[PDB]
Amino acid sequence: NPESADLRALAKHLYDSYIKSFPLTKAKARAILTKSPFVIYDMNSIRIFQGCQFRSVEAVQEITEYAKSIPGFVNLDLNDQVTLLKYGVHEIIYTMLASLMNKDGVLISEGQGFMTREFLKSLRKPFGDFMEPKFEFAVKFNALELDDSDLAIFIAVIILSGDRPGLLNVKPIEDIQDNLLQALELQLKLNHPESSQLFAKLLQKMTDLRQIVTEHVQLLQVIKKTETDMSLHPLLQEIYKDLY
Amino acid sequence: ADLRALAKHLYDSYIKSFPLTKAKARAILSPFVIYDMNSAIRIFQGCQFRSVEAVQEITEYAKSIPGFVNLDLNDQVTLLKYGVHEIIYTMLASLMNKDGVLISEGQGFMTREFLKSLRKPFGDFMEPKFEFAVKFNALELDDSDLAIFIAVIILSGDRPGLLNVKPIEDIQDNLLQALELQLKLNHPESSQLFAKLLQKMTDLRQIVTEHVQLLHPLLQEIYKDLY
Ligand SMILES: COc1ccc2c(-c3c(C)n(Cc4cc(O[C@H](C)C(=O)O)ccc4Cl)c4cc(OC(F)(F)F)ccc34)noc2c1
Ligand SMILES: COc1ccc2c(-c3c(C)n(Cc4cc(O[C@H](C)C(=O)O)ccc4Cl)c4cc(OC(F)(F)F)ccc34)noc2c1
């Protein structure tokens, strides 16, 4: 079908841009998780929290590079470009994060290490429940068995939302997302012919994404007030400033 | 097919469970208009009483969903527990516009501005549901589309504490196909309506979590727990 075909080209472009933007893919991660990592499972080896903040900022930079390649995005009103990244970039971080996680832990340091879930639950202060909600999401989301060619359209869909608070020209945004959603649907149908209504089920997962970020926001307010000693990068700080 | 039967059954059960349908609401949107004090803990508490009403109507509707009464009883309980609130806001949208909501089974209409003017705690009580209703109402769904949507919501295998997820997702699968087909047939030129509707569930839950945040002995007993 002539319409399908355009969607197929779009998928390929997105997938290719994803590969260029994100050095550590789900495929490399799974290969590593199943070359092999040094494992950290207890103290014998705030610093960790600052590491996750460091990686986040880097991920924000990587996701911003990717977004620029989504057809139409850079042509949007520059203020709406800022708004979509502000409300979308963390939802994308937790998505990509699941790629690095299994039930028991998460890859760190470009894949060269693996820090266990339990170690992270045992941390002091208001830090023990810092990563947990992500592991809980990752486990449900990883069950969908998406791969990078699927994820690549999905995260695009997440960026191009016409319901983000305070958008000026919603119309141009909903036209692009309309496209990304058809592309994803086709992609999921072709790539997972036997998985029933996977499209429906992935989109429902978008719900837990939003719960993670708003819950992470609270947790940040807690941690910053208990530890007046703790830096928050201006980049993340600005993303959370308005928000919800 | 099974899927049009499923869709007709759900619509039929929806008409019978819910007195004031979107179709009836939209016709109106004449009601007594409450635009100011001349026309409150009483309003907030009244809303909580209406919520208990709606839970009952929604629960009765759930029993008509093919397969639902067959699930483990504890699991029907936890599905309704986490489902009814998301369904209340979905149904409340039917009764709202940008300027106010229909109250009193359609005979009253209270303005969005009067509600926003209530003393500090209660002034933002409703405003998040108005903001959602405006977005959701742009999809222009009607009752037959909504009948299936809310069944979908009820059949969510991700609710915490479910004993047996498999049959629940099996059923939501049927409903989702049924929903998807309903929206292709009813809304031909609404390109990705199915997907856009499912995305709205993201705002739905966020309303619920935010509302939990903001939140006579025999009366206290009736209208406790299930909010
Ligand atoms: C763009 O997509 C992406 C999303 C997430 C991530 C990542 C990435 C990884 C591997 N972790 C786990 C992690 C990283 C650590 O960092 C140090 C530096 C180390 O790794 O040695 C230490 C301990 C733990 Cl548990 C986190 C945590 C995080 O914070 C939060 F959002 F709050 F969840 C954001 C990003 C990452 N990396 O690359 C991406 C890309
Ligand atoms: C089952 O589907 C349904 C969902 C919601 C509703 C309703 C319904 C209506 C019309 N309102 C608005 C309303 C009702 C009031 O109460 C009085 C008694 C009145 O209703 O006149 C006063 C002021 C306002 Cl803004 C609310 C508020 C509510 O609480 C909460 F969820 F917390 F928001 C729950 C239900 C309703 N009615 O019927 C249904 C059915």
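Residue numbers (PDB author numbering), protein chains in the order written: chain A, 205 to 238, 244 to 254, 279 to 477; chain B, 209 to 237, 245 to 254, 278 to 453, 466 to 477.
All C-beta atoms, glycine included, are put in the ideal place defined by N, C-alpha and C.
Rounded to whole angstroms, how far is the Cβ of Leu-442 of chain B from the Cβ of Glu-324 of chain B, which I believe are closer than 8 angstroms? Indexing the second sequence from 1 puts residue 442 of chain B at position 204. Indexing the second sequence from 1 puts residue 324 of chain B at position 86. Confirmed, about 5 angstroms.
Could you say which of B:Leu-317, B:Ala-233 and B:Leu-353 lies nearest to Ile-303 of chain B if we only look at CA atoms? One-based indexing of the second sequence puts residue 303 of chain B at position 65. Measuring from the Cα of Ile-303 of chain B, the nearest candidate turns out to be B:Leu-317.
According to DSSP, which residues form a beta bridge with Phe-247 of chain B? Taking the second sequence and counting its residues from 1, the one referred to as residue 247 of chain B is at position 32. For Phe-247 of chain B, which the question treats as bridged, DSSP gives the partners B:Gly-346.
From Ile-406 of chain A to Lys-301 of chain A, what distance separates their C-alpha atoms? For the purposes of this step, residue 406 of chain A is taken as residue 173 along the first sequence, with counting starting at 1. For the purposes of this step, residue 301 of chain A is taken as residue 68 along the first sequence, with counting starting at 1. Rounded to the nearest angstrom, the two C-alpha atoms are 14 angstroms apart.
Name the residue from B:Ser-429, B:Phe-282, B:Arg-397 and B:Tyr-320 whose alpha carbon lies nearest to the alpha carbon of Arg-357 of chain B. Translated into the one-based positions of the second sequence, residue 357 of chain B becomes position 119. Per the Cα distances, B:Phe-282.
Which of helix, strand or coil does DSSP assign to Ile-303 of chain B? Taking the first residue of the second sequence as 1, we reach residue 303 of chain B at position 65. DSSP places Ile-303 of chain B in coil when its eight states are reduced to three.
Using beta carbons (cut-off 8 angstroms, strictly below), is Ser-332 of chain A in contact with chain B? Along the first sequence, one-based indexing puts residue 332 of chain A at 99. So, not an interface residue.
Tell whether a beta-carbon distance below 8 angstroms holds between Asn-424 of chain B and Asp-383 of chain B. For the purposes of this step, residue 424 of chain B is identified with residue 186 of the second sequence, where counting begins at 1. For the purposes of this step, residue 383 of chain B is identified with residue 145 of the second sequence, where counting begins at 1. Yes, they are a contact pair.
What runs of the alpha helix (DSSP H), each 4 residues or longer, lie entirely inside the region 314–380 of chain B? For the region 314–380 of chain B, whole alpha helix (DSSP H) runs of length 4 or above, ordered along the chain, are 350–354, 358–361 and 365–376.
Just checking: is the beta-carbon of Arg-280 of chain B within a distance shorter than 8 angstroms of some beta-carbon in chain A? Here the question's residue 280 of chain B lines up with position 42 in the second sequence. For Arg-280 of chain B, the nearest beta carbon of chain A is not closer than 8 angstroms to its own beta carbon.
If the cut-off is 7 angstroms on Cβ atoms, which residues from the region 412–428 of chain B count as contacting chain A, listed in chain order? If you check each beta-carbon in the region 412–428 of chain B against every beta-carbon of chain A, the ones closer than 7 angstroms belong to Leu-414 and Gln-415.
Chain-ordered chain A contacts of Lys-373 of chain B [CB-CB under 7 angstroms]: Along the second sequence, one-based indexing puts residue 373 of chain B at 135. Chain A residues near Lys-373 of chain B: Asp-396.
Chain B contacts made by the region 430–447 of chain A, where a contact means CB separation under 9 angstroms: Residues of the region 430–447 of chain A with a C-beta less than 9 angstroms from any C-beta of chain B: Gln-430, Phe-432, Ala-433, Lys-434, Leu-436, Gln-437, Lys-438, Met-439, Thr-440, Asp-441, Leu-442, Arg-443, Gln-444 and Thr-447, listed in chain order.
What is the DSSP secondary structure of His-425 of chain A, reduced to helix, strand or coil? Taking the first residue of the first sequence as 1, we reach residue 425 of chain A at position 192. Correct three-state label for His-425 of chain A: coil.
Range covered by the alpha helix (DSSP H) that runs through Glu-471 of chain B: Residue 471 of chain B sits at position 221 when you count from the first residue of the second sequence. Secondary structure note for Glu-471 of chain B: its alpha helix (DSSP H) is the uninterrupted segment 467–472.
My parser needs the alpha helix (DSSP H) runs of 4 or more residues fully inside the region 425–466 of chain A; what are they? Counting only runs of 4+ residues, the alpha helix (DSSP H) found wholly inside the region 425–466 of chain A occupies 431–459, in chain order.
Tell me which residues share the same chain as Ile-472 of chain A and place their Cβ nearer than 6 angstroms to its Cβ, disregarding the 5 neighbours each side in the sequence. Sequence index remark: in the first sequence, residue 472 of chain A carries index 239 (1-based). Excluding positions up to five away in sequence, the list reads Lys-319.
Going by the C-beta, is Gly-284 of chain A closer than 7 angstroms to any heavy atom of ligand 1? Within the first sequence, the letter at position 51 stands for residue 284 of chain A. Closer than 7 angstroms to some heavy atom of ligand 1: that describes the Cβ of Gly-284 of chain A.
Mapping DSSP to helix, strand and coil, what is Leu-476 of chain A? By 1-based counting over the first sequence, the position of residue 476 of chain A is 243. In the structure shown, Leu-476 of chain A sits in coil (DSSP, three-state: anything other than H, G, I, E or B).
At which residues does the alpha helix (DSSP H) containing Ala-215 of chain A begin and terminate? Translated into the one-based positions of the first sequence, residue 215 of chain A becomes position 11. DSSP places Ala-215 of chain A in the uninterrupted alpha helix (DSSP H) bounded by 206–225.
Measure the C-alpha to C-alpha separation of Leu-333 of chain B and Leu-453 of chain A and round it to an integer number of angstroms. As a working mapping, residue 333 of chain B is identified with position 95 in the second sequence. As a working mapping, residue 453 of chain A is identified with position 220 in the first sequence. Taking the straight line joining both Cα atoms gives about 37 angstroms.
I want to know whether the region 406–417 of chain B touches the region 394–414 of chain A - three or more CB-CB distances under 8 angstroms. When Cβ pairs closer than 8 angstroms are counted between the two stretches, the region 406–417 of chain B is seen not to touch the region 394–414 of chain A, the count staying below three.
Reference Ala-389 of chain A; option with closest CA among A:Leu-377, A:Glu-343, A:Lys-373 and A:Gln-415: As a working note, residue 389 of chain A is residue 156 in the first sequence. For the residues A:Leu-377, A:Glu-343, A:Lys-373 and A:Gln-415, the minimum Cα distance to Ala-389 of chain A belongs to A:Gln-415.
Rounded to whole angstroms, what's the CA-CA distance from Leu-436 of chain A to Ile-392 of chain A? Just pull it up for me. Within the first sequence, residue 436 of chain A is the residue found at index 203, counting from 1. Within the first sequence, residue 392 of chain A is the residue found at index 159, counting from 1. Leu-436 of chain A and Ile-392 of chain A: Cα-Cα distance of roughly 13 angstroms.
Between the Cα of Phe-363 of chain A and the Cα atoms of A:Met-439, A:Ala-385 and A:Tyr-327, which residue gives the shortest distance? The count along the first sequence starts at 1 and reaches residue 363 of chain A at position 130. Shortest Cα-Cα distance from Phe-363 of chain A to any of A:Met-439, A:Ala-385 and A:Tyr-327 involves A:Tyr-327.
On the three-state DSSP scale, how would you describe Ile-388 of chain A? As a working mapping, residue 388 of chain A is identified with position 155 in the first sequence. Looking at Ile-388 of chain A - three-state DSSP - the assignment turns out to be helix.
Do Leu-237 of chain B and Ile-386 of chain B have their C-beta atoms within less than 8 angstroms of each other? On the second sequence, residue 237 of chain B is found 29 positions in, with the first residue counted as 1. On the second sequence, residue 386 of chain B is found 148 positions in, with the first residue counted as 1. Not in contact: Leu-237 of chain B and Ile-386 of chain B (Cβ atoms no closer than 8 angstroms).
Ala-433 of chain A classed as buried or exposed, judged by whether at least 16 other C-beta atoms fall within 10 angstroms: By one-based count along the first sequence, residue 433 of chain A stands at place 200. Its Cβ being crowded by 16 or more others within 10 Å, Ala-433 of chain A is buried.
Between the alpha carbons of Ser-225 of chain A and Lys-458 of chain A, how many angstroms are there, rounded? Against the first sequence, residue 225 of chain A aligns to sequence position 21. Against the first sequence, residue 458 of chain A aligns to sequence position 225. Taking the straight line joining both Cα atoms gives about 35 angstroms.
Taking only heavy atoms of ligand 2 into account, decide whether any of them is closer than 7 angstroms to the Cβ of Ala-235 of chain B. Counting from 1 along the second sequence, the entry for residue 235 of chain B is found at position 27. Answer for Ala-235 of chain B: no, Cβ out of range of ligand 2.
For a test of the three-state rule: what should DSSP assign to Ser-289 of chain A, helix, strand or coil? Looking up residue 289 of chain A in the first sequence gives position 56. Note: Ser-289 of chain A maps to helix in three-state DSSP.
Is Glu-295 of chain A near ligand 1, with its Cβ less than 7 angstroms from a heavy atom? Here residue 295 of chain A corresponds to residue number 62 of the first sequence, with the count starting at 1. Yes; taking the cut-off as 7 angstroms, the Cβ of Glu-295 of chain A has a heavy atom of ligand 1 nearer than that.
What does the Cβ neighbour count give for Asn-253 of chain A, buried or exposed, with the cut at 16 atoms within 10 Å? Taking the first sequence and counting its residues from 1, the one referred to as residue 253 of chain A is at position 44. Note on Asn-253 of chain A: under 16 other CB atoms within 10 angstroms of its CB, so exposed under the neighbour-count rule.
Taking the straight line between their C-alpha atoms, what separation do you get for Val-307 of chain A and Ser-221 of chain A? Here the question's residue 307 of chain A lines up with position 74 in the first sequence. Here the question's residue 221 of chain A lines up with position 17 in the first sequence. If I take the Cα positions, the gap works out to 15 angstroms.
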